[PDB]
Amino acid sequence: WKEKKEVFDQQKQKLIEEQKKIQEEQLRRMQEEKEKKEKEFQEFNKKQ
Amino acid sequence: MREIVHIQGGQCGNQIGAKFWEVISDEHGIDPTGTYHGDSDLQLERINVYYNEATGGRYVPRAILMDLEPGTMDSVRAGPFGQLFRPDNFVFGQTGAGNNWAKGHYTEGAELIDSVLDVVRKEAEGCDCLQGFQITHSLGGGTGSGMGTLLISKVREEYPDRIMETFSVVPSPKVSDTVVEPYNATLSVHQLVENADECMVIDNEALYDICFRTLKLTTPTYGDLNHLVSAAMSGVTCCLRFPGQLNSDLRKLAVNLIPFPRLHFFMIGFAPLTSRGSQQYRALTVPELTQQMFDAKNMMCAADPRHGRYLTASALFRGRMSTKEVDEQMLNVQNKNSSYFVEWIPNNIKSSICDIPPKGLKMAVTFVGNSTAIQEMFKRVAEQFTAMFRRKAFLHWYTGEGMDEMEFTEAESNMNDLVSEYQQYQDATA
Amino acid sequence: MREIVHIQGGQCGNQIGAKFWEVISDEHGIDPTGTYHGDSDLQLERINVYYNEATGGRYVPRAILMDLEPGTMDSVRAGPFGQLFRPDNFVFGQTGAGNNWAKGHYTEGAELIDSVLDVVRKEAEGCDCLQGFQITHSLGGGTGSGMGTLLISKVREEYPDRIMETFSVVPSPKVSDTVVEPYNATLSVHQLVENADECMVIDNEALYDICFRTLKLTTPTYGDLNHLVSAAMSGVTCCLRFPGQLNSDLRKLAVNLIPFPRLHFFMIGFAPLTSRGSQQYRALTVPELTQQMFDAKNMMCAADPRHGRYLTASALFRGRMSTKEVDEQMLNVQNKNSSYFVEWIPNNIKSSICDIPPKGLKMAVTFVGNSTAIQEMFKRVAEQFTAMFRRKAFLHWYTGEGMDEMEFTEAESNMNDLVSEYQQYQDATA
Amino acid sequence: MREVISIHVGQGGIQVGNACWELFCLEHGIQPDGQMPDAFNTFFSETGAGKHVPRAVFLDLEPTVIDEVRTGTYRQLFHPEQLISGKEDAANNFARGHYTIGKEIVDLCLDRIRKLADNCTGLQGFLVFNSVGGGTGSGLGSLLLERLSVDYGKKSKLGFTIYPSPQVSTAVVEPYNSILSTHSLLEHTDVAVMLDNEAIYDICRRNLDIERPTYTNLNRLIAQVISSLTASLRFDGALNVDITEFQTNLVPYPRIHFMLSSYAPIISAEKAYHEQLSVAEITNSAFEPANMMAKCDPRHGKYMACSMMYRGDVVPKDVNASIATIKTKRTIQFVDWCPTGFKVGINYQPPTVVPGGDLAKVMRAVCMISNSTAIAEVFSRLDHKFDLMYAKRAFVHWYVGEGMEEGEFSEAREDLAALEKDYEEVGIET
Ligand SMILES: Nc1nc2c(ncn2[C@@H]2O[C@H](COP(=O)(O)OP(=O)(O)OP(=O)(O)O)[C@@H](O)[C@H]2O)c(=O)[nH]1
Ligand SMILES: Nc1nc2c(ncn2[C@@H]2O[C@H](COP(=O)(O)OP(=O)(O)O)[C@@H](O)[C@H]2O)c(=O)[nH]1
Ligand SMILES: Nc1nc2c(ncn2[C@@H]2O[C@H](COP(=O)(O)OP(=O)(O)O)[C@@H](O)[C@H]2O)c(=O)[nH]1
Ligand SMILES: [Mg+2]
């Protein structure tokens, strides 16, 4: 019984982990961009 | 030859000079009676830099002391080494400015300045070859920040080719002793950028921080802050008064530390500094000096130098040491910190060696670095200025003596433009 | 060359260091004033391993002392040889942890550790060729077991190629002085396996057993346990400071005693140990040293080494002796005990000889063996941890400072996995 | 740099504060005038030249006791304006000292607390003393604790409350305000220690052999317990314990922090020296049920955690050898989820004797602070006493007419029922 007890709650925390991981995966995937600052700087440098 | 005259104004400047001249006299072995009692031959070879010669063999500093009230100069005369100053150079008014910049720059300071300019002209016309002038004053006071800065313009108008130094104490927002500090700080910074060839900012807050953390002494006083400022002041011109491996006058530093004519606001620091109880533990070596020299807490300003990138740096080593070690350590301090050094100017550290160390110390270093981190001080000064000016608080005192708000607007705009164009080069890339 | 710096934390670590440095200074003939008064030339050749040089010819240890409360360091300074430590290296807080691991690792230990890391970085960057670091701390306390282990990770992140030693005292269930020992022991073992290159467990119960049975002294005190631990500590690095037939630095032991990167928990022992009344009866010979070296009661841990099989073993002989006798005795101790040595790795005993014996002794041996019998300590620690955790006793103290039960579950699981995979090789056969 | 502030409110609180303050002054060598003819800093403060001022404040609404204090031999010791006194007594009415007259006095006490706290730099926590069965004591203690819990927050507060005896009582209405004050300090105090008078009377009768004791004899024993608890902060010891290192070792859950104390040895000089007073026998006497400082039977419940302090020349190995014997005994059983339950502290300073007192001078002593499940009996009997009179609403009009609401009595009853259910829920095995 004791060794049998040693499994189930831990499996449920991992599933919860999958959704958290999914958000980070998405989050990493979101990416966006920084080109506008570079374009703007290119613009800033040109004025300088 | 190539000597300079000393001019100080205000109470803070007078107190700084009262210790600077004591330090110089102790370095050259001059007794408080003006009689030489030194030990080494080199102590007299270049004494013409700061001291004049009179009959009877005694020496007199070529210093000019000015204030709008007589109390401070009547007090400095009774202090040690107070008799060296020539009584003729003392010029003062009977009214004072009351920490009002307008009174010390338009109404009262304008009429008095003719007498002090007369003695200034007498001192400069006479000397063998002029090198320049050095100015000590505070930006937190009215009479000082007004009369000193107007005198800067008057001197610059007559000697455009000479060099000009200013050691300026700016009011920090942490330790504030006057409520009208932002107004006369902002007004003074406007005029100071246009005429001063070099400017060195010093903050009381940084001096208290240094005294509490590095020296670890219980009760700091103005005498300790003055002593630190005096040691830093003396360190700059040491190689001009003593032989060395690579002599470097003030003009050579001006060439190598100012990339553009409007970027001449430096922050300094002195090493070594150790507590009384730990002065036996430490061993004085070039690595030990250079690690403390670039330490952020060692700067004489509250500005954090790892919040920006150095445009250039300078070091004035003292004592007898090998040059190879100095050069390799300067290279190492620049390879390990490449992120904090601007990349479009390579090899931006200047070094100099003087073979005569300070009395009591075997090695010493004076650091003068031009960094972009100084923007934070002007930012906070302008922030307080615009917080107070929007309600026209305390404005009537200034406007009752011929000044207007237009000169405030122009000063604010020029100061903000300076702040912007000083950081413009921080983001510049090659 | 190839020197190491000393870092200690907590009260137990500070008390261990207070005797370790006394033993080292007595070995090298350094007076409590830092002045050398030794007799032999070899006493100064490799003094750069542990001591720095300062002006005036005195020596200063490169030790860093840290704690969350000032009492222990304010007490160690007044003890003998307490003046050697540089006052600058003393860093402490004003609050303490109260034997709470969370407070000493998340809330209070995180803010303070920057100052101690500054001096640690100062010490390591300067030294000629780094060999590594050695750490003394206790797993039964909060501030120690938290701040020390977080500092281990911070040091490992910056110096991944250097070697790291840890002498760790784990709380035994026999002599228990703190009720919350299992929590901060289990939390610390989780982090310690991931970063420490070597770990050496020491138990107070085994020290009391040794003092009562082998030395047979009536009233043991912490000074005797500290002296035994200090002798064992000094024995490991002896050949790195003195010439010998087969020099073997710490990295060579690391290569030869760790088969797999996660199996680096050793138990040690020192020989000879004799009572005062029987010190004249015994004759010091290599057989007499080796029979006491492998004795089960001589181990510095309560773990019984005949309950498992040695993966490997090491011995560091001291004094001048013949190598043929050492090798034949090592072979004999391995032929007569083949049942307690794992069979798929032949010739699993390492030996080294150093020609300089300890002061007062003609021969000495330090034993470092990696055995599978160490599983019993983690088993009982985890048993107490799971007995206390199932009711969430004392959990609110830890959970009120940002920690959660998930980090407890992960720590328990990783510790049990370590226990299992450490014994996995015990039943492995070729 | 470690400090603690003690609060004394009510007649019993002031009379035990006097008892502890003779003892501290005697232990640190300070004369009753406050003049000595670095350990004092925990309880005292230096005035710059000469006398020491206790970090204590005395509170009472009834002026007789304070006036007695201000005319005795200790008139020169305490600061004149920290002995806050009222004009009208609460007269055993809890509602008076919580709603009517205590509110106008509490502001001055809080101002004094702030003025004392700004002086301390390393404040460990607060101590408070109050006899629970009185109006002003319980009411003002509740109000002060409630104000401090929000003014300071996480600072630790310790309460040495004196609950009424099972059958012996001086008042007739003390169960009401005892229950209300227990309600108030249940959610507001970190540690509460049981101190009922009957157990200490039995201790004096059996050991001290005094057949006619007075309150001073009881207060001296309480003062000795306080000194033993706080010795570790101001004396060097092999195994130190801080105040903040308690809720991590004695308090399994936030609700459960009521524990009962014991002390050993207690013996007179007439027969003390005839027996050796070994550590084993004193640690056996400390665990005897008849030597509990509160009239509760530990044989009726489990133990949760035991924190027990030694002082004198005790050696740790002898302590371990005695903890093992106690674990062996079948009449003392610990809770299932606590494998080890002992926290041990060792100090070197022997207990000090007060001239003309009862206790003799000894070299070894032990003080235990033990948390046990058997404490629920006092709550049950106080609840039974409360219910008998609350059934008929007796004496309620004396409380409703002082601003308290009718329903305030019921919720204290519900909280006691919750506490009793919690104590039963914790003590069952898994
Ligand atoms: N241990 C001990 N208990 C005392 C002492 N004096 C009074 N008590 C207890 O205090 C209870 C009543 O509270 P008191 O302290 O006497 O009076 P109070 O707290 O000032 O409250 P008021 O009656 O309003 O003044 C009694 O039941 C006593 O048991 C003392 O000197 N020592
Ligand atoms: N270092 C130093 N600073 C000083 C001393 N006295 C005043 N100050 C600074 O000078 C500021 C006030 O300047 P003030 O005396 O009004 O200048 P003034 O108007 O020209 O007389 C204060 O903020 C001080 O920090 C001194 O003796 N030493
Ligand atoms: N060998 C030795 N062990 C000690 C000494 N003092 C304390 N200990 C052990 O350290 C443990 C308590 O650690 P602690 O002082 O709380 O560590 P900290 O929390 O970092 O201060 C106890 O179980 C003791 O066995 C000492 O002087 N020598
Ligand atoms: Mg009363």
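Conventions and cut-offs
Residues numbered from 1 in each chain as written, not as in the entry; some residues may be left out. Chains lettered and ligands numbered in written order. Part of a larger assembly, values for the part shown. Heavy atoms only, no water. Near = heavy atom within 4 Å. Polar contact = N/O pair within 3.5 Å; in protein donor to acceptor, adjacent residues only side chain to side chain. Areas by Shrake-Rupley, 256 points an atom, 1.4 Å probe, with all protein chains shown as cover. Helix = DSSP H or I, 4+ residues; strand = E, 2+ residues; numbered from the N terminus. Nonpolar A, V, L, I, M, F, W, Y, C, P; charged D, E, K, R; others polar. UniProt positions renumbered as here; feature names shortened; annotations may be inferred. Contact = heavy atoms within 4.5 Å. Buried < 20%, exposed > 50% of the residue type's maximum accessible area, 1.4 Å probe, protein only. Pairing = 2+ DSSP bridges. Axes fitted to C-alpha atoms, helices over the stretch in contact; angles between N-to-C directions.

Determination of this PDB entry was carried out by cryo-EM to a resolution of 3.7 Å, according to the record.

Caption draft 1: Structural view of the site of ligand 2. All names here are of chain B. The local shell around ligand 2 consists of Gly10, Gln11, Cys12, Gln15, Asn99, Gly141, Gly142, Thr143, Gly144, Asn204, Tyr222 and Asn226. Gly142 places a main-chain nitrogen or oxygen 3.5 Å from an oxygen atom of ligand 2. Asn204 is positioned such that a nitrogen or oxygen atom in its side chain is 2.7 Å from an oxygen atom of ligand 2. Relative to its unbound accessible area of 590 Å², ligand 2 is 86% covered by the protein chains. For the shell around ligand 2, the secondary-structure elements that each account for two or more residues are α1 (10-28), α5 (142-158) and α8 (222-236). Looking at the shell around ligand 2 element by element, the count peaks at four residues for α1. Partitioned by chemical class, the residues of the shell around ligand 2 number two nonpolar, 10 polar and no charged.

Caption draft 2: The arrangement of the UniProt feature "binding site: GTP" in chain B in detail. Residue and element names in this part refer to chain B. Here the UniProt-annotated "binding site: GTP" positions come out as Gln11, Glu69, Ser138, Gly142, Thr143, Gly144, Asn204 and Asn226. Look at the named residues: they lie 216 residues apart in sequence, and the longest C-alpha span between them is 23.2 Å, so in the fold they stay spread out. Relative to the helices and strands, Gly144 resides in helix α5. Residues contacting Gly144, with those up to four places away along its chain left out, are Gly10, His137, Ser138 and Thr149. Examined against the element boundaries, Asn204 turns out to sit in helix α7 (residues 204-215). Given a relative accessible area of 28%, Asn204 falls into the partly exposed group. Residues within four places of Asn204 in sequence aside, it is in contact with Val169 and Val175.

Caption draft 3: Just the UniProt feature "binding site: Mg(2+)" in chain B, in detail. All names here are of chain B. Cross-referencing UniProt, the feature "binding site: Mg(2+)" maps to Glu69 in the present numbering. For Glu69, the location among the structural elements is in the loop between β4 (63-67) and α3 (71-76). When near neighbours in sequence (up to four residues on either side) are disregarded, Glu69 contacts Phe92 and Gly93.

Caption draft 4: Region of interest: the sheet that holds strand β9 (residues 258-264) of chain D. Residues and elements named next belong to chain D. Spatially, the 10 strands line up as an open sheet ordered β5-β4-β1-β6-β7-β8-β9-β12-β10-β11, and their pairing is mixed. Across the chains shown, the open sheet's two edge strands, defined by having one partner strand only, are β5 (83-85) and β11 (342-347). Averaged over all neighbouring strand pairs, the angle between strand axes comes to 20°, with direction disregarded. Bridge count between β9 and strand β12 (residues 364-372): five bridges; the pairing is antiparallel. Considered in β12, the bridge of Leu260 is made with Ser370.

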